[PDB]
Amino acid sequence: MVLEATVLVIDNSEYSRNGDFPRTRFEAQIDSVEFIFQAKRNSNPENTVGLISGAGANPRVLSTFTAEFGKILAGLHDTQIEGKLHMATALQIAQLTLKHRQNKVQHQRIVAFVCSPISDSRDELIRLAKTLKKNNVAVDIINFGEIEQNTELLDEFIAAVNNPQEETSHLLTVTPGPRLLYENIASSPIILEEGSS
Amino acid sequence: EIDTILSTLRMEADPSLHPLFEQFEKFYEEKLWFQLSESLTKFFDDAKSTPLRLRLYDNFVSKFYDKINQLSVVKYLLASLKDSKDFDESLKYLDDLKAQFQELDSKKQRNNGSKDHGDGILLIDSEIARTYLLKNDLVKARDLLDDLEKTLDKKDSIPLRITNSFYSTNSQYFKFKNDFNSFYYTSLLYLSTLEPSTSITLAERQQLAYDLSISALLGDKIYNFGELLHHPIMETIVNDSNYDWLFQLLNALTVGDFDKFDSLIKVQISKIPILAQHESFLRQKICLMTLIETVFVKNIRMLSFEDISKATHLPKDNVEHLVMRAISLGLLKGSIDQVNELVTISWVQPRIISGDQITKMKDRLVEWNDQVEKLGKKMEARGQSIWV
Amino acid sequence: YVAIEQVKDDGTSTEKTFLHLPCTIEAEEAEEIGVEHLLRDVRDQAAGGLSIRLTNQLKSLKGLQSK
Numbered sequence: 001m002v003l004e005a006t007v008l009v010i011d012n013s014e015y016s017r018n019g020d021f022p023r024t025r026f027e028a029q030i031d032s033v034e035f036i037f038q039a040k041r042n043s044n045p046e047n048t049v050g051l052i053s054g055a056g057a058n059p060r061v062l063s064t065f066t067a068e069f070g071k072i073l074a075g076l077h078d079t080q081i082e083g084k085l086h087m088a089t090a091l092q093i094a095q096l097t098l099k100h101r102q103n104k105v106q107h108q109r110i111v112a113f114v115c116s117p118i119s120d121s122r123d124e125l126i127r128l129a130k131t132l133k134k135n136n137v138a139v140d141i142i143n144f145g146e147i148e149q150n151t152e153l154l155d156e157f158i159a160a161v162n163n164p165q166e167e168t169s170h171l172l173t174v175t176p177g178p179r180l181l182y183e184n185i186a187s188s189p190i191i192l193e194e195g196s197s
Numbered sequence: 006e007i008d009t010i011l012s013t014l015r016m017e018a019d020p021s022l023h024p025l026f027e028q029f030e031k032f033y034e035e036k037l038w039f040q041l042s043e044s045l046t047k048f049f050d051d052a053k054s055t056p057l058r059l060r061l062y063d064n065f066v067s068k069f070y071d072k073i074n075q076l077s078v079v080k081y082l083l084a085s086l087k088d089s090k091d092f093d094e095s096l097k098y099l100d101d102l103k104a105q106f107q108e109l110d111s112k113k114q115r116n117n118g119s120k121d122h123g124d125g126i127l128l129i130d131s132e133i134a135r136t137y138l139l140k141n142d143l144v145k146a147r148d149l150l151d152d153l154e155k156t157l158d159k160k161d162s163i164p165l166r167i168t169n170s171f172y173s174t175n176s177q178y179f180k181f182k183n184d185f186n187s188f189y190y191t192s193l194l195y196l197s198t199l200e201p202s203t204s205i206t207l208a209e210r211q212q213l214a215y216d217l218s219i220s221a222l223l224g225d226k227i228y229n230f231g232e233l234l235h236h237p238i239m240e241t242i243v244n245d246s247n248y249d250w251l252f253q254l255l256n257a258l259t260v261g262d263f264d265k266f267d268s269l270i271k272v273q274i275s276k277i278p279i280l281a282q283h284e285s286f287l288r289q290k291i292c293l294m295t296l297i298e299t300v301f302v303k304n305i306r307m308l309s310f311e312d313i314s315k316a317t318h319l320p321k322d323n324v325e326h327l328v329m330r331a332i333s334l335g336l337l338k339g340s341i342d343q344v345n346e347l348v349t350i351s352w353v354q355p356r357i358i359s360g361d362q363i364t365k366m367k368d369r370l371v372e373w374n375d376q377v378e379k380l381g382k383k384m385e386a387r388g389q390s391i392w393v
Numbered sequence: 137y138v139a140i141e142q143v144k145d146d147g148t149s150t151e152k153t154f155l156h157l158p159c160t161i162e163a164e165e166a167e168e169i170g171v172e173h174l175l176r177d178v179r180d181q182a183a184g185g186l187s188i189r190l191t192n193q194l195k196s197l198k199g200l201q202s203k
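As structure tokens, this is what we get:
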């Protein structure tokens with residue numbers, strides 16, 4: 001997609017191994033990550049992608065901004081599944097990752113895969129949501145881990161973010177039952193999403 | 006097939022234990038491998054008491070292992086052979102599991118990309134060692150522990166549960182050989198680092214607490230009472246029947262009163278056959294304790310024998326000999342003069358930390374601090390002009 | 137400080153901590169000749185003459201007292 005930098009947050013909580021998507025969900029997500037990266041590159045070469053973790057206590061930068069599927073996949077090929085989501089910590093860090101950029105005209109977008117319910121106070125994430133939006137960071141949730149075993153509390157947060165921004169936040173709902181994770185994401189807006197720009 | 010096994014388990018189970026069984030069938034089906042592990046975990050912790058475990062574990066361990074964390078697989082097997090009073094059975098199931106992990110890692114390592122499987126290795130070997138100790142094949146056990154120790158040091162860090170299981174096996178071997186000092190020392194390490202698993206119950210504290218207390222009572226050098234209290238084992242429970250008499254021995258030592266100590270021990274000599282035969286040790290221990298303490302609190306580092314005679318409640322003939330032994334052990338060091346009937350110490354073991362003693366420390370360093378102050382100001386004035 | 141991993145034995149879990157290692161300065165020969173040449177000061181303590189170590193005696197006391 002034109003002039004856009006999107007950090008993918010991969011979250012490999014302990015609900016990543018759940019075999020709901022064949023063979024396992026973890027391996028389903030590699031296919032998903034390869035899917036998004038090639039599509040956005042071919043469409044626009046100025047699209048760039050970095051890879052960070054949502055898992056572990058403190059996030060890890062595996063990759064910087066790149067138009068290289070090799071660079072992303074090398075870091076992805078070895079990763080832990082016993083880390084755990086800490087969404088609140090992750091949100092503030094993603095912004096910091098985003099300051100360095102191929103060029104500044106590129107937008108600020110996070111796409112985050114979600115494999116587990118929130119692990120943080122609900123009230124805090126609302127406050128963080130509104131800090132992101134001043135600087136025009138919009139956050140698109142591919143949701144499927146929250147609605148496994150908890151109620152959907154994400155809707156509140158997506159509403160809070162949504163303001164005139166470089167891109168808007170989106171709630172795209174993907175059923176956790178078998179359907180193959182990459183396949184839902186190909187049918188969902190990922191490049192049919194839009195902003196207020 | 007598996008469903009038939011689940012139905013048998015439910016029929017024998019209590020209505021209250023029905024929902025745990027029903028959760029295994031649905032979650033497996035739903036391919037929620039997170040809940041598949043959670044439901045199971047609850048079951049093994051407490052329903053290990055019941056024979057329910059035999060049919061559910063072995064089948065699930067031999068079938069659907071791959072899905073859940075490996076750690077969770079070996080945790081259930083541990084629970085099953087706890088209550089098992091058969092050693093043929095125990096040895097069989099271990100050798101079998103070990104073979105299964107070996108296969109498993111060929112796929113799993115690449116699939117996740119990262120996922121340890123060395124956790125299960127060590128625990129298996131720790132269990133096998135122990136099996137041999139109870140079978141009283143002590144020699145096999147010895148060399149397996151040694152090997153684990155070497156392996157372990159190559160790793161920088163392991164889980165709490167891994168070092169707690171190493172320690173547990175080692176502590177068992179030591180009380181078997183009746184190496185009392187080494188049993189107790191390794192038992193301390195066990196308590197600190199303890200598994201977050203809640204297999205350890207109040208009854209399991211009590212079992213461990215009788216041995217720990219016995220080892221230290223018969224000692225003449227074990228003075229880790231302050232650490233003992235603070236450790237979970239005695240922290241939560243003191244108000245059982247085992248901890249009525251046994252804890253009073255313990256208190257009696259600490260206050261250094263021999264009159265009380267004498268009273269309790271006579272009754273305990275009929276009741277306890279360990280204390281019946283180790284009478285000599287119990288009295289020696291209390292003597293050395295009051296003596297090492299009395300010199301410590303005093304800033305004076307020599308005290309006559311005759312005052313020590315009062316302090317330990319033993320005649321002066323016996324005190325002179327005891328003090329010769331104090332040097333040998335190296336609990337005290339000094340010199341012995343019988344041209345004034347004095348003991349002049351030059352070295353005293355650090356005593357246990359107590360609010361009272363700290364208070365003495367605070368004074369001492371305040372006092373010294375005033376000398377320093379007085380001197381530096383006087384020293385400034387003299388030769389004011391030359392400090393180039 | 138060096139990160140070490142050891143059981144803090146008190147009824148507390150494995151603790152990770154930063155244990156003090158004394159450190160000293162050292163200079164490569166190649167740097168050092170140039171360090172000395174840059175410097176030319178009379179020093180708070182050089183272990184020089186009587187008056188210089190004498191200053192250090194006043195300093196050393198006040199050192200201990202704070203300490």
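Protein chains in written order, with PDB author numbering: chain W, 1 to 197; chain O, 6 to 393; chain U, 137 to 203. The C-beta atom is built at its ideal place from N, Cα and C for all residues, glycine as well.
Beta bridge counterpart(s) of residue i as assigned by DSSP
| i | result |
| --- | --- |
| residue 143(W) | 173(W) |
| residue 150(U) | 143(U) |
| residue 4(W) | 107(W) |
| residue 53(W) | 10(W) |
| residue 118(O) | 79(W) |
| residue 3(O) | Lying outside 6 to 393, the shown extent of chain O, residue 3(O) is not represented and no answer is given. |
| residue 138(U) | 155(U) |
Contact with chain W by residue i, beta-carbon distance below 8 Å
| i | result |
| --- | --- |
| residue 80(O) | no |
| residue 106(O) | no |
| residue 118(O) | yes |
| residue 29(O) | no |
| residue 226(O) | no |
Start-to-end residues for the beta strand (DSSP E) that takes in residue i
| i | result |
| --- | --- |
| residue 337(O) | 337–342 |
| residue 49(O) | Here residue 49(O) belongs to no beta strand (DSSP E); instead the alpha helix (DSSP H) covers 38–51. |
| residue 241(O) | Looking at the DSSP string, residue 241(O) is not in any beta strand (DSSP E), and its letter there is neither H nor E. |
| residue 258(W) | One cannot answer for residue 258(W) here, as it falls past the ends of chain W, which runs 1 to 197. |
Beta carbon proximity, residue i to chain O, threshold 8 Å
| i | result |
| --- | --- |
| residue 17(W) | yes |
| residue 14(W) | yes |
| residue 142(U) | no |
| residue 197(U) | yes |
| residue 24(W) | yes |
| residue 27(W) | yes |
| residue 167(W) | no |
| residue 148(W) | yes |
Start-to-end residues for the alpha helix (DSSP H) that takes in residue i
| i | result |
| --- | --- |
| residue 21(O) | Here residue 21(O) belongs to no alpha helix (DSSP H), and DSSP marks it neither H nor E. |
| residue 184(U) | First-last for residue 184(U): undefined, no H or E at that position. |
| residue 352(O) | Note, residue 352(O): premise wrong, no alpha helix (DSSP H); beta strand (DSSP E) at 347–353. |
| residue 328(O) | 321–334 |
| residue 185(O) | 185–198 |
| residue 155(W) | 154–161 |
| residue 97(W) | 87–97 |
| residue 386(O) | 360–386 |
| residue 84(O) | 75–88 |
Within-8 Å CB hit, residue i to chain A
| i | result |
| --- | --- |
| residue 20(W) | The chain inventory of the structure shown lacks chain A, comprising the protein chains W, O and U. |
Within-8 Å CB hit, residue i to chain U
| i | result |
| --- | --- |
| residue 4(O) | Outside the displayed range of chain O (6 to 393) lies residue 4(O), so it cannot be described from this structure. |
| residue 161(O) | yes |
| residue 165(O) | yes |
Query raised in the report: At a Cβ cut of 8 Å, what residues of the segment 144–163 of chain U count as close to chain O, listed as they run along the chain?
Result: Here the close residues are 144, 145, 146, 147, 148, 149 and 150.
Query raised in the report: Between the segment 136–143 of chain W and the segment 159–176 of chain W, do at least 3 Cβ pairs fall closer than 8 Å?
Result: The answer is yes - the segment 159–176 of chain W touches the segment 136–143 of chain W, with three or more Cβ pairs under 8 Å.
Query raised in the report: Is the segment 188–208 of chain O close to the segment 226–242 of chain O, with three or more CB pairs under 8 Å?
Result: Yes: at least three Cβ pairs fall under 8 Å.
Query raised in the report: So, do the segment 139–149 of chain O and the segment 108–126 of chain O have three or more beta carbon pairs nearer to each other than 8 Å?
Result: With a cut-off of 8 Å on Cβ pairs, the segment 139–149 of chain O is not in contact with the segment 108–126 of chain O, counting fewer than three such pairs.
Query - Within 9 Å of chain O by C-beta, residues of the segment 70–98 of chain W in sequence order - result: Within the segment 70–98 of chain W, those residues whose Cβ lies closer than 9 Å to any Cβ of chain O are, in chain order, 76, 77, 78, 79, 80, 81 and 82.
Query - Interface residues of the segment 175–198 of chain O facing chain U [CB-CB below 7 Å] - result: For the segment 175–198 of chain O, the beta-carbon criterion of a distance under 7 Å to any beta-carbon of chain U is satisfied by 193, 194, 196, 197 and 198.
Query raised in the report: Is the segment 83–90 of chain W touching the segment 21–38 of chain W in the sense that three or more CB pairs, one from each, lie closer than 8 Å?
Result: No, they do not touch.
**Report entry** Touch test, the segment 30–40 of chain O against the segment 68–82 of chain W, Cβ-Cβ under 8 Å, three pairs minimum
**Finding:** Result no; under three Cβ-Cβ pairs closer than 8 Å.
**Report entry** Contact set between the segment 172–202 of chain U and chain O, restricted to residues whose Cβ is under 8 Å from the partner
**Finding:** Against chain O - using a Cβ distance shorter than 8 Å - the residues of the segment 172–202 of chain U are 187, 188, 190, 191, 193, 194, 197, 198, 200 and 201.
Query raised in the report: Taking any Cβ of chain U, which residues in the segment 380–391 of chain O have a Cβ under 8 Å from it, in chain order?
Result: Result list: 380, 381, 384, 385, 388 and 391.
Query raised in the report: Are at least three pairs of beta-carbons, each pair with one atom in the segment 241–250 of chain O and one in the segment 258–265 of chain O, less than 8 Å apart?
Result: The answer is no - the segment 258–265 of chain O does not touch the segment 241–250 of chain O, with fewer than three Cβ pairs under 8 Å.
Query raised in the report: Three or more beta-carbon pairs under 8 Å between the segment 60–69 of chain W and the segment 39–51 of chain W, yes or no?
Result: Look at the beta carbons and you see the segment 60–69 of chain W touching the segment 39–51 of chain W: at least three pairs across the two are nearer than 8 Å.
Query raised in the report: At a Cβ cut of 8 Å, what residues of the segment 292–322 of chain O count as close to chain W, listed as they run along the chain?
Result: Residues: none.
Report task. Below 9 Å between beta carbons is the criterion; list the residues of the segment 59–75 of chain O that meet it against any residue of chain W, in chain order. Result -> Contact annotation: in the segment 59–75 of chain O, residues whose CB is within less than 9 Å of a CB in chain W are 72, 73 and 74.
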